[PDB]
Structures are given as C-alpha cells and as structure tokens.
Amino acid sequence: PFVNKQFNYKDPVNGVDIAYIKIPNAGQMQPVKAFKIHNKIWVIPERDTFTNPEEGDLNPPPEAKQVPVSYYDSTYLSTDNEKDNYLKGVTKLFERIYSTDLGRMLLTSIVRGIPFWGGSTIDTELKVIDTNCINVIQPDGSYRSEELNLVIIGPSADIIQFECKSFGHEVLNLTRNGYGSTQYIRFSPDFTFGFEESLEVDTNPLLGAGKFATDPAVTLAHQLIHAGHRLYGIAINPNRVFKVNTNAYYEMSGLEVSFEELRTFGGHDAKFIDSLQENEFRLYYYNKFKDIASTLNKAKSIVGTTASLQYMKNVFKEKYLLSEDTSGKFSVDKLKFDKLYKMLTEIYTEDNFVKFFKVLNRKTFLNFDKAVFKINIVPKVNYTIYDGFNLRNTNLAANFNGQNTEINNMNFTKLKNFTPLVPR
C-alpha cells in the first residue's frame, strides 16, 4: 500500500526495512538486498533467478515460447541505477493502486491475508509454515525470521512474463485449501504491452501493430488479484481450464485459459465460467473455511512465537471473518463468507480496476497483445500516480491519448518482439 518511506537503492541495510534476505524455501541461494515497503510486503529489485533454480539463465530459451509477445535482455536490472529506478517504479505503481478505494481495499485484503499456521504434525498444535517466511540478515551478521504475505521481484528470462507464484507444501495445497501462502510476483515497471482496440468488424486492415500501451498499474493490479486469491487459499485449481478456438496465428488452432485467469479478468471473460461451476467453487471454499475454523477450535497449543495462543487464533478469526460465540468457539457465517468471497473474486477484478483508473485496456483475452515498449514512469512529466499516462490539462487527458504511443511517443520505445508466432 502507501509506502511511507523514501527508499534509495544505495541506502545502507538496517536489518529492519532494508536488508539482505534469504528465502529458506529456495535452497541456499545468495542473499539479496530487499526493501520492506509496507507491513507484510517486501520488494527485491533483482531478476528472479532464486525462486526456481531451473530458471537461472536470462537468455532466450532454446525453444522459443509460443506467446504473442516476449522480450529478452540478460543485462536488464543489473546496475544500481536500474535497481533504484525499479524500486521507485514499483513504489509509484503501488501508490497509483492505492489512489482509489478499489485499490486501497485490495491492498488491505492482501496485508490481512496472513498464511495460516498449519505446519504442525500435531493436529492440536498451531505452527508456522517455513515457506511463508524469509530470513532477514542483520548488520551485526546475525539474522531473524519474519512472516510476510507478498514479495515483488524482477522478471526471469522473459522480461514481460509476469506471474504470481509461491512455495508449496509437500502434501497440502496451500493456494486452494483456504490456508494461503506467501506470494512472489515477478513484475517490472519498466516495460509494458501494446495492443489495438477491438476490430469494428467493418473496414479495418489487420495490418496494425498495437498502437495503445497498457497502463502498468493495471498489469500490477492483475497480479495482486491473483495474490489475493492465493493468500486466502481460494485459487481455482489450474486443472480447470477453458478451451478456445482461435484463427489468429498460423499453425495454431486453439487457446487454453485457466478459470483462475477468467475469474481474475472479470467483465466479459469471467462469464465464460458456468453458473453450476461458480456455485460449486463457492461451496467448495466455504467448506475449506469451515475446516479451518474447526482446526482453530481444536488447537490447544502453539509453538514458535512470542505471541499467545488466543491472539494467534484471533488473527485468523479476523482474516476469515469468522464468528466467535460467548464460549469462544469459531464458526463460518454464511452471509459473511459470501460477501468476502464475492469481494475477492468479483469486485477485485482487472475490469473493475480499468473502470476506476479510466484507462484504455483490452476487453477480452482474445484481443492479443501485439507489441512491447520500454517506458519510464518515474518522472512526473511522463506518468503520475493519479492519471497514469493521460495527464490532466493536456492533450493527453482526452481519448486516452496518453496511452496512444503515436501521440505520446516520447514515453515509449518500441522493442523487438521475440515471438515465433506469425499473425494470420
């Protein structure tokens, strides 16, 4: 959310909100300098070669990804100045998201989404899951562990491949059992996608090239929505997908989109999920929340924290909006659950952020990106927290002219698209 700190990449570590850290989960990698921009949220301005050892190289893969747009450059984000500009860019976008009620609510939900304490072999004991913490190195050389909900990190090889991932449990499915787990988002505020407005279905030579630029704030909000679903453990099983036939590219005939994605997009695309399926999901997670409340009612002890058992049980009572009777027993209130579930899956959607920000954006996933641009949103003459690219009192305020890369061209550099696909 709001970042009440003036962070500069070169600022000395203090073991509190500026420190070298390690993610116990990701093997024994090298410590990376990170910044805590808000309670429960850290930012690591480095290319992600830590979360997955399998993705250590930053060069284009042997087999090019079959996606509309991709971009590679192993040198991006390797200098202190870039890391400083990245930190400032990510911070500015969080503030832009924080500039509307929708964004403020989403960020608060995320900060409230503390991963459940269910890592014990003793059903009656509350214990943390190591995968939901990081080790913060201190200036004296020692270190302390700390729980957190979200980490924003630089991209891996494909610079514009933004995603929301997390460390799993050996048996539990944390993102889908209501527990939740710390989310890691690969993101970059230094690039953005180019798209064309939906065809008028009448007189329009497809020979275009993605004239309009996507607002970085929407792209980040998109990933944060996924993080939200995953922190509350209500993400839709990735096995549930929607098959779509497409004639857009040579040698391609279809597209597969997960229900999670459709839900996150909102608007028209979310309607592709059947009513029967929707109710199935809501009831499914409702049951997961009941199991949690049940686990909390059977908890007799807690290990690993200075805090009391009552307090830690209360944290989750508040996270899941559980009801507590005069005898101290927890239960899931059907009305409360529905309102919370509805807010996380139907109010927090990409389409609604588009409405709140008042920007041009694709209407459906079927309108594929066509280009990639290098941008620089830190300077106020380029982009602002309140208006993004469409600066008020200028030619850029009307008809989304600020996002028109042909009108507001000083804000963009068209880059090479590494895609192997050929548009038909």
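In this text, residue numbers run from 1 along the sequence as written.
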item	value
Residue stretch of maximal mean CA temperature factor, 370-378 vs 52-60	52-60
Entry-level comparison of average CA B-factors, 234-242 and 153-161, reporting the higher stretch	234-242
Which of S99, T306, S327, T214 ranks first by CA B-factor in the deposited coordinates	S327
Criterion, highest CA B-factor; candidates, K319, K300, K313, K127	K300
For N204, the third of its chain into which the C-alpha B factor falls	highest
Third assignment of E278 from its chain's C-alpha B-factors	highest
Relative C-alpha B-factor of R176, binned into the chain's lowest, middle or highest third	middle
Relative C-alpha B-factor of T405, binned into the chain's lowest, middle or highest third	lowest
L340 by Cα B-factor - lowest, middle or highest third of the modelled chain	middle
